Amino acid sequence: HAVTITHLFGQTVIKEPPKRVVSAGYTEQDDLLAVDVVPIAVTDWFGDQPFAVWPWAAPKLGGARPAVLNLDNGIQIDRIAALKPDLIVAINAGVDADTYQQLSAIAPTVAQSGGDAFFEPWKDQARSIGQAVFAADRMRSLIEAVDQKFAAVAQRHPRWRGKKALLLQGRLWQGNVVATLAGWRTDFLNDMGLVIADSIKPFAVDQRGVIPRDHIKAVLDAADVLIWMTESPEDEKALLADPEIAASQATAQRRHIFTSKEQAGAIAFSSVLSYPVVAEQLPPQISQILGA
């Protein structure tokens, strides 16, 4: 009956399907809700959503009103203790050896599997959640359905094959474009037949490309389509006002996509519930730029 999870800080034994789950990280609520586990607490990340559950996942709450935790002054260890959980899911929470001891003193705790304390590969997060809440087979079909949905996009748009994409943050950082590097977070673009432009590779800092101002134009001009994870029309305005972005062929040839807030959220969550939103709402935008 008992499930043993192996993670970065040891092993956690879950004796039976959990009844009172805390979602301690930024995104685990999506994968829990997907297998009909409503958390007694969800942790806010951004967007000021009600109960920190974004629209694609909100229906699964079934009217439930979880406590909303935050990481503004670290993990709210005392609030977690007061919720009396029987499982703490803390995969995307910045857990370290010390906070893991604090969480484990309250309840069986599932930490991240590796060197990413935040935003480990989404499928490894989804499979761990699936094991922990005794829904591994259901979670397997939900992962498969995301891959199927993006493959279906590719089947409808064979002309996209080998076109070059970049996935950028919705805001400059201290004057720099910030690109998502090729890795798990860009697999959904490869799934639709695109490639990630290699112009960002020399500018790596951990999992992102921080583009010096004197390289912004040449790096953006390598791509056929640019997806900016803007969260507001003000974000788009500030990107198009940047003198290097403004002077680029990406701007002259209208190769930019500026996401709605919901689409930015859906990419940011990269979950079994959020990726379908991306598969539905991004392709028609790409089609405007590359042609169907």
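The numbering used is simple: start at 1 and walk along the sequence shown.
For the segment pair 6-14 and 19-27, the entry gives 6-14 the higher mean B-factor, averaged over Cα atoms. For the pair 64-72 and 239-247, the mean B factor over Cα atoms is greater in 239-247. As recorded in the entry, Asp214 carries the highest CA temperature factor of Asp187, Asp147, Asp214, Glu120. Take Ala154, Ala97, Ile129, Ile80 and read off each C-alpha B-factor from the entry; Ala97 has the highest.
Among all modelled residues in this chain, the alpha-carbon of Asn92 has a temperature factor (C-alpha) in the lowest third. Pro59 sits in the lowest third of its chain by CA B factor, as recorded in the PDB entry. Placement of the Cα temperature factor of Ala222 within the chain: highest third of the modelled residues, per the deposited record. Split the chain's modelled residues into thirds by C-alpha temperature factor. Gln49 is in the middle one.
Looking at the C-alpha B-factors along this chain, the one for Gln125 belongs to the lowest third.
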